[PDB]
Amino acid sequence: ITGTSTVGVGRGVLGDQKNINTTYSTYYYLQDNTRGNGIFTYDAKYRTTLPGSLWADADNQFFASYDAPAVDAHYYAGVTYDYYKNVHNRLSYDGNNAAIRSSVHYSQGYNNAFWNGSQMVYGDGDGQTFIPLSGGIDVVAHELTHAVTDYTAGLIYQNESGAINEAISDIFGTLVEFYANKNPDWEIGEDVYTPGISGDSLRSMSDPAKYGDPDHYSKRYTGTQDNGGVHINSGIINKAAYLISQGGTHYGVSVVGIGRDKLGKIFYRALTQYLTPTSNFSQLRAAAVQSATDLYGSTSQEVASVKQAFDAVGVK
Ligand SMILES: [Ca+2]
Ligand SMILES: [Ca+2]
Ligand SMILES: [Ca+2]
Ligand SMILES: [Ca+2]
Ligand SMILES: [Zn+2]
């Protein structure tokens, strides 16, 4: 809507207070004009029609329980935008400040969230498996990262290319979580997964096998479920990324860690410069080796560490 930029205050899914950029014109709308062509958050009202209605509020205070998933979808979209702009010089998901749209309260008790080719969409969870999913900064950044991939590599959402697509989202979801510096970790979805169980998460990058996912190519899933295991075989790539950053030994292969920032640089360049819609794991390794070579040189520690990390997970 046309209006004036304003600043409201509210509480997110975890009960934390934060300021949000809004727009005033009769109502206060969840419309942040400070980032690119804007960040817009919508109410899906428990339906599956999208986007729903642009979120309108009478007083610019967002403290109702119904408000919490919207506050966080809106705020964390902002943090993710800031990460890509400040860290990678990328303006929104298309690199041309495309408007970012999210819908919350999607369907009833919906235990998922997704990027649908046009926008991010968040369920409220059923209160057992999940609480509203936009409460997870890694979840928001994971979904917005699918948009980045759509506009760059275009990794097909099946088999190996799909597992890379997924890992790319977990990698940058995590790097955004670190960027915000709010209880950061190498787990995925821990802030919104299973409110009845402490200490678990949907996936682990540091130890994928913790939650049933492979951490070596020899243990890859070869069947047809989950689009050929896109959320399963992502553990192999997640593990390699974790190792590149943090180092360690894994199946008797030693990796010298180079830190998060360089991991982010190498994988961002791989995603935007080398990967293609049909890239496989082997091709990802090559893309990452080439990216590290461009940035740090062929004889660098960074290149050597990329090779050791892929060696460790059995990807040549
Ligand atoms: Ca209000
Ligand atoms: Ca965390
Ligand atoms: Ca996390
Ligand atoms: Ca839990
Ligand atoms: Zn995903």
# chains A, B, ... in the order shown; residues from 1 in each chain; ligands from 1

call {"tool": "residues_around", "arguments": {"residues": "stretch 232-249 of chain A", "least_positions_apart": "6", "cutoff": "9 Å", "atoms": "only C-alpha atoms", "output": "PDB file with N, CA and C atoms, in the first residue's frame"}}
result
ATOM      1  N   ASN A 159      16.509 -35.732  -6.337  1.00  0.00           N
ATOM      2  CA  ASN A 159      17.761 -36.495  -6.320  1.00  0.00           C
ATOM      3  C   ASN A 159      18.933 -35.635  -5.881  1.00  0.00           C
ATOM      4  N   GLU A 160      20.102 -35.787  -6.505  1.00  0.00           N
ATOM      5  CA  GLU A 160      21.287 -35.091  -5.999  1.00  0.00           C
ATOM      6  C   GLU A 160      21.181 -33.566  -6.109  1.00  0.00           C
ATOM      7  N   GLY A 162      18.550 -31.788  -5.979  1.00  0.00           N
ATOM      8  CA  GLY A 162      17.593 -31.372  -4.952  1.00  0.00           C
ATOM      9  C   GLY A 162      18.188 -31.400  -3.552  1.00  0.00           C
ATOM     10  N   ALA A 163      19.033 -32.397  -3.295  1.00  0.00           N
ATOM     11  CA  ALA A 163      19.725 -32.465  -2.005  1.00  0.00           C
ATOM     12  C   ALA A 163      20.687 -31.303  -1.860  1.00  0.00           C
ATOM     13  N   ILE A 164      21.330 -30.904  -2.949  1.00  0.00           N
ATOM     14  CA  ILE A 164      22.191 -29.718  -2.880  1.00  0.00           C
ATOM     15  C   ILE A 164      21.326 -28.480  -2.638  1.00  0.00           C
ATOM     16  N   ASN A 165      20.197 -28.407  -3.338  1.00  0.00           N
ATOM     17  CA  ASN A 165      19.271 -27.296  -3.159  1.00  0.00           C
ATOM     18  C   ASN A 165      18.916 -27.128  -1.670  1.00  0.00           C
ATOM     19  N   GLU A 166      18.558 -28.250  -1.051  1.00  0.00           N
ATOM     20  CA  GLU A 166      18.205 -28.279   0.365  1.00  0.00           C
ATOM     21  C   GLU A 166      19.380 -27.907   1.271  1.00  0.00           C
ATOM     22  N   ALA A 167      20.558 -28.452   0.981  1.00  0.00           N
ATOM     23  CA  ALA A 167      21.725 -28.181   1.818  1.00  0.00           C
ATOM     24  C   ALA A 167      22.073 -26.701   1.747  1.00  0.00           C
ATOM     25  N   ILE A 168      21.990 -26.153   0.539  1.00  0.00           N
ATOM     26  CA  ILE A 168      22.241 -24.720   0.339  1.00  0.00           C
ATOM     27  C   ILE A 168      21.343 -23.892   1.275  1.00  0.00           C
ATOM     28  N   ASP A 170      19.964 -24.961   4.152  1.00  0.00           N
ATOM     29  CA  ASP A 170      20.366 -25.178   5.556  1.00  0.00           C
ATOM     30  C   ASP A 170      21.662 -24.435   5.862  1.00  0.00           C
ATOM     31  N   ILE A 171      22.586 -24.439   4.899  1.00  0.00           N
ATOM     32  CA  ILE A 171      23.861 -23.709   5.040  1.00  0.00           C
ATOM     33  C   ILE A 171      23.600 -22.226   5.286  1.00  0.00           C
ATOM     34  N   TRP A 186      24.575 -25.259  14.691  1.00  0.00           N
ATOM     35  CA  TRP A 186      24.635 -25.968  13.415  1.00  0.00           C
ATOM     36  C   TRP A 186      23.465 -26.977  13.301  1.00  0.00           C
ATOM     37  N   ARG A 203      17.114 -31.326  11.834  1.00  0.00           N
ATOM     38  CA  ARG A 203      18.310 -31.841  11.164  1.00  0.00           C
ATOM     39  C   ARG A 203      19.535 -31.308  11.875  1.00  0.00           C
ATOM     40  N   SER A 204      20.646 -32.038  11.799  1.00  0.00           N
ATOM     41  CA  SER A 204      21.918 -31.540  12.347  1.00  0.00           C
ATOM     42  C   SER A 204      22.938 -31.464  11.229  1.00  0.00           C
ATOM     43  N   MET A 205      23.663 -30.349  11.133  1.00  0.00           N
ATOM     44  CA  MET A 205      24.709 -30.240  10.127  1.00  0.00           C
ATOM     45  C   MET A 205      26.006 -30.818  10.674  1.00  0.00           C
ATOM     46  N   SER A 206      26.186 -30.707  11.989  1.00  0.00           N
ATOM     47  CA  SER A 206      27.414 -31.181  12.623  1.00  0.00           C
ATOM     48  C   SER A 206      27.401 -32.718  12.721  1.00  0.00           C
ATOM     49  N   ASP A 207      26.224 -33.294  12.947  1.00  0.00           N
ATOM     50  CA  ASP A 207      26.115 -34.749  12.931  1.00  0.00           C
ATOM     51  C   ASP A 207      24.773 -35.153  12.350  1.00  0.00           C
ATOM     52  N   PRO A 208      24.656 -35.167  11.001  1.00  0.00           N
ATOM     53  CA  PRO A 208      23.396 -35.518  10.321  1.00  0.00           C
ATOM     54  C   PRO A 208      22.767 -36.826  10.827  1.00  0.00           C
ATOM     55  N   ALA A 209      23.610 -37.795  11.195  1.00  0.00           N
ATOM     56  CA  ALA A 209      23.138 -39.122  11.610  1.00  0.00           C
ATOM     57  C   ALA A 209      22.321 -39.100  12.915  1.00  0.00           C
ATOM     58  N   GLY A 212      18.957 -39.365  11.708  1.00  0.00           N
ATOM     59  CA  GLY A 212      18.711 -40.358  10.662  1.00  0.00           C
ATOM     60  C   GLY A 212      19.230 -40.056   9.273  1.00  0.00           C
ATOM     61  N   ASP A 213      19.950 -38.945   9.121  1.00  0.00           N
ATOM     62  CA  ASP A 213      20.449 -38.557   7.794  1.00  0.00           C
ATOM     63  C   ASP A 213      21.883 -38.991   7.560  1.00  0.00           C
ATOM     64  N   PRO A 214      22.228 -39.340   6.303  1.00  0.00           N
ATOM     65  CA  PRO A 214      23.581 -39.808   5.995  1.00  0.00           C
ATOM     66  C   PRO A 214      24.614 -38.708   6.134  1.00  0.00           C
ATOM     67  N   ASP A 215      25.832 -39.112   6.499  1.00  0.00           N
ATOM     68  CA  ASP A 215      26.950 -38.195   6.657  1.00  0.00           C
ATOM     69  C   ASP A 215      28.143 -38.673   5.812  1.00  0.00           C
ATOM     70  N   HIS A 216      27.844 -39.544   4.852  1.00  0.00           N
ATOM     71  CA  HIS A 216      28.818 -40.092   3.911  1.00  0.00           C
ATOM     72  C   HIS A 216      28.086 -40.586   2.674  1.00  0.00           C
ATOM     73  N   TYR A 217      28.721 -40.389   1.519  1.00  0.00           N
ATOM     74  CA  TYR A 217      28.105 -40.734   0.220  1.00  0.00           C
ATOM     75  C   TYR A 217      27.692 -42.207   0.136  1.00  0.00           C
ATOM     76  N   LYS A 219      26.336 -43.894   2.295  1.00  0.00           N
ATOM     77  CA  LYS A 219      25.099 -44.111   3.034  1.00  0.00           C
ATOM     78  C   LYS A 219      23.940 -43.312   2.422  1.00  0.00           C
ATOM     79  N   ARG A 220      24.127 -42.833   1.193  1.00  0.00           N
ATOM     80  CA  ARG A 220      23.104 -42.026   0.535  1.00  0.00           C
ATOM     81  C   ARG A 220      21.817 -42.833   0.310  1.00  0.00           C
ATOM     82  N   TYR A 221      20.690 -42.131   0.351  1.00  0.00           N
ATOM     83  CA  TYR A 221      19.394 -42.733   0.083  1.00  0.00           C
ATOM     84  C   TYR A 221      19.164 -42.770  -1.429  1.00  0.00           C
ATOM     85  N   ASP A 226      10.519 -38.544  -0.699  1.00  0.00           N
ATOM     86  CA  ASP A 226      11.096 -37.222  -0.436  1.00  0.00           C
ATOM     87  C   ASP A 226      11.845 -36.690  -1.673  1.00  0.00           C
ATOM     88  N   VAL A 255      40.072 -32.601   8.411  1.00  0.00           N
ATOM     89  CA  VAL A 255      39.765 -31.354   7.692  1.00  0.00           C
ATOM     90  C   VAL A 255      40.213 -30.162   8.540  1.00  0.00           C
ATOM     91  N   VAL A 256      41.005 -29.266   7.949  1.00  0.00           N
ATOM     92  CA  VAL A 256      41.390 -28.012   8.609  1.00  0.00           C
ATOM     93  C   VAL A 256      40.279 -26.977   8.349  1.00  0.00           C
ATOM     94  N   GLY A 257      39.597 -26.561   9.412  1.00  0.00           N
ATOM     95  CA  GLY A 257      38.514 -25.583   9.290  1.00  0.00           C
ATOM     96  C   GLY A 257      39.006 -24.199   8.906  1.00  0.00           C
ATOM     97  N   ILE A 258      38.207 -23.498   8.100  1.00  0.00           N
ATOM     98  CA  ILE A 258      38.544 -22.142   7.651  1.00  0.00           C
ATOM     99  C   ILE A 258      37.565 -21.071   8.149  1.00  0.00           C
ATOM    100  N   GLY A 259      36.536 -21.498   8.891  1.00  0.00           N
ATOM    101  CA  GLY A 259      35.575 -20.581   9.518  1.00  0.00           C
ATOM    102  C   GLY A 259      34.331 -20.336   8.674  1.00  0.00           C
ATOM    103  N   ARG A 260      33.293 -19.826   9.332  1.00  0.00           N
ATOM    104  CA  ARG A 260      31.982 -19.587   8.715  1.00  0.00           C
ATOM    105  C   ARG A 260      32.024 -18.600   7.561  1.00  0.00           C
ATOM    106  N   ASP A 261      32.728 -17.491   7.761  1.00  0.00           N
ATOM    107  CA  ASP A 261      32.701 -16.420   6.779  1.00  0.00           C
ATOM    108  C   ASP A 261      33.222 -16.928   5.442  1.00  0.00           C
ATOM    109  N   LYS A 262      34.325 -17.672   5.460  1.00  0.00           N
ATOM    110  CA  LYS A 262      34.867 -18.214   4.214  1.00  0.00           C
ATOM    111  C   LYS A 262      33.988 -19.312   3.613  1.00  0.00           C
ATOM    112  N   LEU A 263      33.402 -20.153   4.466  1.00  0.00           N
ATOM    113  CA  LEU A 263      32.418 -21.134   3.998  1.00  0.00           C
ATOM    114  C   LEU A 263      31.349 -20.395   3.192  1.00  0.00           C
ATOM    115  N   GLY A 264      30.787 -19.357   3.812  1.00  0.00           N
ATOM    116  CA  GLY A 264      29.753 -18.546   3.168  1.00  0.00           C
ATOM    117  C   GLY A 264      30.224 -17.971   1.843  1.00  0.00           C
ATOM    118  N   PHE A 267      30.607 -20.960  -0.850  1.00  0.00           N
ATOM    119  CA  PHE A 267      29.328 -21.533  -1.267  1.00  0.00           C
ATOM    120  C   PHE A 267      28.433 -20.512  -1.969  1.00  0.00           C
ATOM    121  N   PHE A 281      26.508 -34.116  -6.811  1.00  0.00           N
ATOM    122  CA  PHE A 281      27.417 -33.918  -5.671  1.00  0.00           C
ATOM    123  C   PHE A 281      28.849 -33.722  -6.153  1.00  0.00           C
ATOM    124  N   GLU A 302      42.377 -22.835   1.886  1.00  0.00           N
ATOM    125  CA  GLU A 302      40.937 -22.856   1.680  1.00  0.00           C
ATOM    126  C   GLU A 302      40.536 -23.923   0.665  1.00  0.00           C
ATOM    127  N   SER A 305      41.182 -27.448   2.153  1.00  0.00           N
ATOM    128  CA  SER A 305      40.140 -27.783   3.126  1.00  0.00           C
ATOM    129  C   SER A 305      38.834 -28.194   2.441  1.00  0.00           C
ATOM    130  N   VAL A 306      38.496 -27.522   1.336  1.00  0.00           N
ATOM    131  CA  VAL A 306      37.317 -27.925   0.568  1.00  0.00           C
ATOM    132  C   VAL A 306      37.470 -29.362   0.080  1.00  0.00           C
ATOM    133  N   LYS A 307      38.646 -29.671  -0.475  1.00  0.00           N
ATOM    134  CA  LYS A 307      38.933 -31.023  -0.939  1.00  0.00           C
ATOM    135  C   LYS A 307      38.869 -32.046   0.203  1.00  0.00           C
ATOM    136  N   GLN A 308      39.456 -31.723   1.357  1.00  0.00           N
ATOM    137  CA  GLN A 308      39.442 -32.664   2.474  1.00  0.00           C
ATOM    138  C   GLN A 308      38.021 -32.919   3.007  1.00  0.00           C
ATOM    139  N   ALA A 309      37.207 -31.860   3.045  1.00  0.00           N
ATOM    140  CA  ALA A 309      35.818 -31.971   3.496  1.00  0.00           C
ATOM    141  C   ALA A 309      35.008 -32.883   2.568  1.00  0.00           C
ATOM    142  N   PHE A 310      35.124 -32.685   1.255  1.00  0.00           N
ATOM    143  CA  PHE A 310      34.428 -33.579   0.342  1.00  0.00           C
ATOM    144  C   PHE A 310      35.010 -35.006   0.406  1.00  0.00           C
ATOM    145  N   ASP A 311      36.339 -35.114   0.518  1.00  0.00           N
ATOM    146  CA  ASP A 311      36.939 -36.447   0.769  1.00  0.00           C
ATOM    147  C   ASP A 311      36.308 -37.164   1.973  1.00  0.00           C
ATOM    148  N   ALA A 312      36.133 -36.430   3.078  1.00  0.00           N
ATOM    149  CA  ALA A 312      35.597 -36.961   4.328  1.00  0.00           C
ATOM    150  C   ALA A 312      34.195 -37.535   4.184  1.00  0.00           C
ATOM    151  N   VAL A 313      33.370 -36.893   3.351  1.00  0.00           N
ATOM    152  CA  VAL A 313      32.034 -37.420   3.079  1.00  0.00           C
ATOM    153  C   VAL A 313      31.934 -38.323   1.839  1.00  0.00           C
ATOM    154  N   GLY A 314      33.082 -38.726   1.291  1.00  0.00           N
ATOM    155  CA  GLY A 314      33.128 -39.668   0.174  1.00  0.00           C
ATOM    156  C   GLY A 314      32.658 -39.152  -1.179  1.00  0.00           C
ATOM    157  N   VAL A 315      32.751 -37.839  -1.380  1.00  0.00           N
ATOM    158  CA  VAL A 315      32.366 -37.212  -2.648  1.00  0.00           C
ATOM    159  C   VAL A 315      33.624 -36.766  -3.392  1.00  0.00           C
TER     160      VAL A 315
END

call {"tool": "closest_atom_pairs", "arguments": {"of": "chain A", "to": "ligand 3", "cutoff": "12 Å", "atoms": "only C-alpha atoms and all ligand atoms", "output": "JSON lines"}}
result
{"residue": "A:135", "atom": "CA", "partner": "ligand 3", "partner_atom_place_in_ligand_line": "1 (Ca)", "distance": 11.2}
{"residue": "A:136", "atom": "CA", "partner": "ligand 3", "partner_atom_place_in_ligand_line": "1 (Ca)", "distance": 7.5}
{"residue": "A:137", "atom": "CA", "partner": "ligand 3", "partner_atom_place_in_ligand_line": "1 (Ca)", "distance": 7.5}
{"residue": "A:138", "atom": "CA", "partner": "ligand 3", "partner_atom_place_in_ligand_line": "1 (Ca)", "distance": 5.4}
{"residue": "A:139", "atom": "CA", "partner": "ligand 3", "partner_atom_place_in_ligand_line": "1 (Ca)", "distance": 8.0}
{"residue": "A:140", "atom": "CA", "partner": "ligand 3", "partner_atom_place_in_ligand_line": "1 (Ca)", "distance": 10.8}
{"residue": "A:141", "atom": "CA", "partner": "ligand 3", "partner_atom_place_in_ligand_line": "1 (Ca)", "distance": 10.3}
{"residue": "A:142", "atom": "CA", "partner": "ligand 3", "partner_atom_place_in_ligand_line": "1 (Ca)", "distance": 10.2}
{"residue": "A:169", "atom": "CA", "partner": "ligand 3", "partner_atom_place_in_ligand_line": "1 (Ca)", "distance": 11.8}
{"residue": "A:170", "atom": "CA", "partner": "ligand 3", "partner_atom_place_in_ligand_line": "1 (Ca)", "distance": 8.7}
{"residue": "A:171", "atom": "CA", "partner": "ligand 3", "partner_atom_place_in_ligand_line": "1 (Ca)", "distance": 10.0}
{"residue": "A:172", "atom": "CA", "partner": "ligand 3", "partner_atom_place_in_ligand_line": "1 (Ca)", "distance": 10.5}
{"residue": "A:173", "atom": "CA", "partner": "ligand 3", "partner_atom_place_in_ligand_line": "1 (Ca)", "distance": 7.6}
{"residue": "A:174", "atom": "CA", "partner": "ligand 3", "partner_atom_place_in_ligand_line": "1 (Ca)", "distance": 5.7}
{"residue": "A:175", "atom": "CA", "partner": "ligand 3", "partner_atom_place_in_ligand_line": "1 (Ca)", "distance": 9.1}
{"residue": "A:176", "atom": "CA", "partner": "ligand 3", "partner_atom_place_in_ligand_line": "1 (Ca)", "distance": 9.3}
{"residue": "A:177", "atom": "CA", "partner": "ligand 3", "partner_atom_place_in_ligand_line": "1 (Ca)", "distance": 6.4}
{"residue": "A:178", "atom": "CA", "partner": "ligand 3", "partner_atom_place_in_ligand_line": "1 (Ca)", "distance": 8.5}
{"residue": "A:179", "atom": "CA", "partner": "ligand 3", "partner_atom_place_in_ligand_line": "1 (Ca)", "distance": 11.5}
{"residue": "A:180", "atom": "CA", "partner": "ligand 3", "partner_atom_place_in_ligand_line": "1 (Ca)", "distance": 11.2}
{"residue": "A:181", "atom": "CA", "partner": "ligand 3", "partner_atom_place_in_ligand_line": "1 (Ca)", "distance": 10.7}
{"residue": "A:182", "atom": "CA", "partner": "ligand 3", "partner_atom_place_in_ligand_line": "1 (Ca)", "distance": 9.5}
{"residue": "A:183", "atom": "CA", "partner": "ligand 3", "partner_atom_place_in_ligand_line": "1 (Ca)", "distance": 8.0}
{"residue": "A:184", "atom": "CA", "partner": "ligand 3", "partner_atom_place_in_ligand_line": "1 (Ca)", "distance": 5.9}
{"residue": "A:185", "atom": "CA", "partner": "ligand 3", "partner_atom_place_in_ligand_line": "1 (Ca)", "distance": 5.0}
{"residue": "A:186", "atom": "CA", "partner": "ligand 3", "partner_atom_place_in_ligand_line": "1 (Ca)", "distance": 5.6}
{"residue": "A:187", "atom": "CA", "partner": "ligand 3", "partner_atom_place_in_ligand_line": "1 (Ca)", "distance": 4.3}
{"residue": "A:188", "atom": "CA", "partner": "ligand 3", "partner_atom_place_in_ligand_line": "1 (Ca)", "distance": 4.3}
{"residue": "A:189", "atom": "CA", "partner": "ligand 3", "partner_atom_place_in_ligand_line": "1 (Ca)", "distance": 5.6}
{"residue": "A:190", "atom": "CA", "partner": "ligand 3", "partner_atom_place_in_ligand_line": "1 (Ca)", "distance": 5.8}
{"residue": "A:191", "atom": "CA", "partner": "ligand 3", "partner_atom_place_in_ligand_line": "1 (Ca)", "distance": 7.3}
{"residue": "A:192", "atom": "CA", "partner": "ligand 3", "partner_atom_place_in_ligand_line": "1 (Ca)", "distance": 9.8}
{"residue": "A:193", "atom": "CA", "partner": "ligand 3", "partner_atom_place_in_ligand_line": "1 (Ca)", "distance": 10.6}
{"residue": "A:199", "atom": "CA", "partner": "ligand 3", "partner_atom_place_in_ligand_line": "1 (Ca)", "distance": 11.3}
{"residue": "A:200", "atom": "CA", "partner": "ligand 3", "partner_atom_place_in_ligand_line": "1 (Ca)", "distance": 10.5}
{"residue": "A:201", "atom": "CA", "partner": "ligand 3", "partner_atom_place_in_ligand_line": "1 (Ca)", "distance": 8.0}
{"residue": "A:202", "atom": "CA", "partner": "ligand 3", "partner_atom_place_in_ligand_line": "1 (Ca)", "distance": 9.4}
{"residue": "A:203", "atom": "CA", "partner": "ligand 3", "partner_atom_place_in_ligand_line": "1 (Ca)", "distance": 9.0}
{"residue": "A:204", "atom": "CA", "partner": "ligand 3", "partner_atom_place_in_ligand_line": "1 (Ca)", "distance": 8.5}
{"residue": "A:205", "atom": "CA", "partner": "ligand 3", "partner_atom_place_in_ligand_line": "1 (Ca)", "distance": 9.3}
{"residue": "A:206", "atom": "CA", "partner": "ligand 3", "partner_atom_place_in_ligand_line": "1 (Ca)", "distance": 11.0}

call {"tool": "write_last_selection", "arguments": {"atoms": "C-alpha atoms", "output": "PDB file, in the first residue's frame"}}
result
ATOM      1  CA  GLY A 135       9.743 -18.514  14.992  1.00  0.00           C
ATOM      2  CA  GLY A 136      12.946 -20.129  13.665  1.00  0.00           C
ATOM      3  CA  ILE A 137      15.399 -17.669  12.104  1.00  0.00           C
ATOM      4  CA  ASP A 138      17.133 -20.589  10.340  1.00  0.00           C
ATOM      5  CA  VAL A 139      13.740 -21.721   9.015  1.00  0.00           C
ATOM      6  CA  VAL A 140      12.967 -18.280   7.524  1.00  0.00           C
ATOM      7  CA  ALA A 141      16.416 -17.932   6.026  1.00  0.00           C
ATOM      8  CA  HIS A 142      16.248 -21.525   4.713  1.00  0.00           C
ATOM      9  CA  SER A 169      19.150 -23.585   2.278  1.00  0.00           C
ATOM     10  CA  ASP A 170      20.366 -25.178   5.556  1.00  0.00           C
ATOM     11  CA  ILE A 171      23.861 -23.709   5.040  1.00  0.00           C
ATOM     12  CA  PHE A 172      22.622 -20.154   4.555  1.00  0.00           C
ATOM     13  CA  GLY A 173      19.811 -20.544   7.108  1.00  0.00           C
ATOM     14  CA  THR A 174      22.550 -21.388   9.609  1.00  0.00           C
ATOM     15  CA  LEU A 175      24.891 -18.584   8.436  1.00  0.00           C
ATOM     16  CA  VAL A 176      22.005 -16.137   8.878  1.00  0.00           C
ATOM     17  CA  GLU A 177      21.348 -17.550  12.371  1.00  0.00           C
ATOM     18  CA  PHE A 178      25.004 -16.872  13.176  1.00  0.00           C
ATOM     19  CA  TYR A 179      24.755 -13.409  11.603  1.00  0.00           C
ATOM     20  CA  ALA A 180      21.885 -12.459  13.955  1.00  0.00           C
ATOM     21  CA  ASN A 181      23.942 -13.990  16.797  1.00  0.00           C
ATOM     22  CA  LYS A 182      20.883 -15.227  18.705  1.00  0.00           C
ATOM     23  CA  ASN A 183      21.661 -18.638  20.224  1.00  0.00           C
ATOM     24  CA  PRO A 184      23.341 -19.775  16.976  1.00  0.00           C
ATOM     25  CA  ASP A 185      24.183 -23.435  16.230  1.00  0.00           C
ATOM     26  CA  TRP A 186      24.635 -25.968  13.415  1.00  0.00           C
ATOM     27  CA  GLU A 187      21.168 -27.544  13.982  1.00  0.00           C
ATOM     28  CA  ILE A 188      18.061 -26.785  11.898  1.00  0.00           C
ATOM     29  CA  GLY A 189      14.685 -25.745  13.328  1.00  0.00           C
ATOM     30  CA  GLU A 190      15.531 -26.222  17.002  1.00  0.00           C
ATOM     31  CA  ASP A 191      13.601 -23.084  18.097  1.00  0.00           C
ATOM     32  CA  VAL A 192      10.252 -24.297  16.688  1.00  0.00           C
ATOM     33  CA  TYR A 193      10.552 -28.124  16.673  1.00  0.00           C
ATOM     34  CA  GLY A 199      17.697 -30.278  22.853  1.00  0.00           C
ATOM     35  CA  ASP A 200      16.499 -31.799  19.575  1.00  0.00           C
ATOM     36  CA  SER A 201      16.040 -30.361  16.056  1.00  0.00           C
ATOM     37  CA  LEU A 202      14.813 -31.316  12.589  1.00  0.00           C
ATOM     38  CA  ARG A 203      18.310 -31.841  11.164  1.00  0.00           C
ATOM     39  CA  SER A 204      21.918 -31.540  12.347  1.00  0.00           C
ATOM     40  CA  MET A 205      24.709 -30.240  10.127  1.00  0.00           C
ATOM     41  CA  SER A 206      27.414 -31.181  12.623  1.00  0.00           C
TER      42      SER A 206
END

call {"tool": "closest_atom_pairs", "arguments": {"of": "chain A", "to": "ligand 1", "cutoff": "6 Å", "atoms": "only C-alpha atoms and all ligand atoms", "output": "JSON lines"}}
result
{"residue": "A:57", "atom": "CA", "partner": "ligand 1", "partner_atom_place_in_ligand_line": "1 (Ca)", "distance": 5.0}
{"residue": "A:58", "atom": "CA", "partner": "ligand 1", "partner_atom_place_in_ligand_line": "1 (Ca)", "distance": 5.4}
{"residue": "A:59", "atom": "CA", "partner": "ligand 1", "partner_atom_place_in_ligand_line": "1 (Ca)", "distance": 4.8}
{"residue": "A:60", "atom": "CA", "partner": "ligand 1", "partner_atom_place_in_ligand_line": "1 (Ca)", "distance": 5.4}
{"residue": "A:61", "atom": "CA", "partner": "ligand 1", "partner_atom_place_in_ligand_line": "1 (Ca)", "distance": 4.2}
{"residue": "A:62", "atom": "CA", "partner": "ligand 1", "partner_atom_place_in_ligand_line": "1 (Ca)", "distance": 4.8}

call {"tool": "select_by_dssp", "arguments": {"residues": "stretch 99-181 of chain A", "states": "strand (DSSP E)", "output": "list in words"}}
result
residues 100, 101, 102, 103, 104, 113, 114, 115, 120, 121 and 122 of chain A

call {"tool": "write_last_selection", "arguments": {"atoms": "N, CA, C and O atoms", "output": "PDB file, in the first residue's frame"}}
result
ATOM      1  N   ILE A 100       9.732  -8.980  -1.085  1.00  0.00           N
ATOM      2  CA  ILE A 100       9.732 -10.254  -0.385  1.00  0.00           C
ATOM      3  C   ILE A 100       8.390 -10.396   0.302  1.00  0.00           C
ATOM      4  O   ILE A 100       8.033  -9.575   1.163  1.00  0.00           O
ATOM      5  N   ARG A 101       7.672 -11.461  -0.038  1.00  0.00           N
ATOM      6  CA  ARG A 101       6.338 -11.695   0.506  1.00  0.00           C
ATOM      7  C   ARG A 101       6.310 -12.978   1.335  1.00  0.00           C
ATOM      8  O   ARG A 101       6.860 -13.999   0.920  1.00  0.00           O
ATOM      9  N   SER A 102       5.687 -12.898   2.510  1.00  0.00           N
ATOM     10  CA  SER A 102       5.454 -14.078   3.347  1.00  0.00           C
ATOM     11  C   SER A 102       4.018 -14.133   3.824  1.00  0.00           C
ATOM     12  O   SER A 102       3.431 -13.105   4.116  1.00  0.00           O
ATOM     13  N   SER A 103       3.483 -15.345   3.940  1.00  0.00           N
ATOM     14  CA  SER A 103       2.156 -15.565   4.519  1.00  0.00           C
ATOM     15  C   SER A 103       2.301 -16.453   5.752  1.00  0.00           C
ATOM     16  O   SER A 103       3.034 -17.452   5.724  1.00  0.00           O
ATOM     17  N   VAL A 104       1.601 -16.087   6.825  1.00  0.00           N
ATOM     18  CA  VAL A 104       1.570 -16.909   8.037  1.00  0.00           C
ATOM     19  C   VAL A 104       0.140 -17.391   8.309  1.00  0.00           C
ATOM     20  O   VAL A 104      -0.797 -16.988   7.619  1.00  0.00           O
ATOM     21  N   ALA A 113       6.798 -25.305   6.379  1.00  0.00           N
ATOM     22  CA  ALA A 113       6.907 -23.994   5.778  1.00  0.00           C
ATOM     23  C   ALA A 113       7.585 -24.244   4.456  1.00  0.00           C
ATOM     24  O   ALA A 113       8.203 -25.304   4.270  1.00  0.00           O
ATOM     25  N   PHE A 114       7.479 -23.282   3.537  1.00  0.00           N
ATOM     26  CA  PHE A 114       8.060 -23.464   2.216  1.00  0.00           C
ATOM     27  C   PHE A 114       8.164 -22.180   1.410  1.00  0.00           C
ATOM     28  O   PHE A 114       7.474 -21.206   1.677  1.00  0.00           O
ATOM     29  N   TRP A 115       9.051 -22.207   0.418  1.00  0.00           N
ATOM     30  CA  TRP A 115       9.088 -21.205  -0.648  1.00  0.00           C
ATOM     31  C   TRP A 115       8.353 -21.815  -1.836  1.00  0.00           C
ATOM     32  O   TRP A 115       8.678 -22.935  -2.247  1.00  0.00           O
ATOM     33  N   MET A 120       7.284 -16.888   0.623  1.00  0.00           N
ATOM     34  CA  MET A 120       7.438 -17.836   1.734  1.00  0.00           C
ATOM     35  C   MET A 120       6.075 -18.028   2.383  1.00  0.00           C
ATOM     36  O   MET A 120       5.266 -17.108   2.402  1.00  0.00           O
ATOM     37  N   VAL A 121       5.846 -19.231   2.910  1.00  0.00           N
ATOM     38  CA  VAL A 121       4.575 -19.675   3.485  1.00  0.00           C
ATOM     39  C   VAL A 121       4.895 -20.428   4.780  1.00  0.00           C
ATOM     40  O   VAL A 121       5.768 -21.295   4.754  1.00  0.00           O
ATOM     41  N   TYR A 122       4.192 -20.108   5.876  1.00  0.00           N
ATOM     42  CA  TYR A 122       4.468 -20.731   7.204  1.00  0.00           C
ATOM     43  C   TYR A 122       3.215 -21.280   7.876  1.00  0.00           C
ATOM     44  O   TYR A 122       2.247 -20.555   8.087  1.00  0.00           O
TER      45      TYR A 122
END
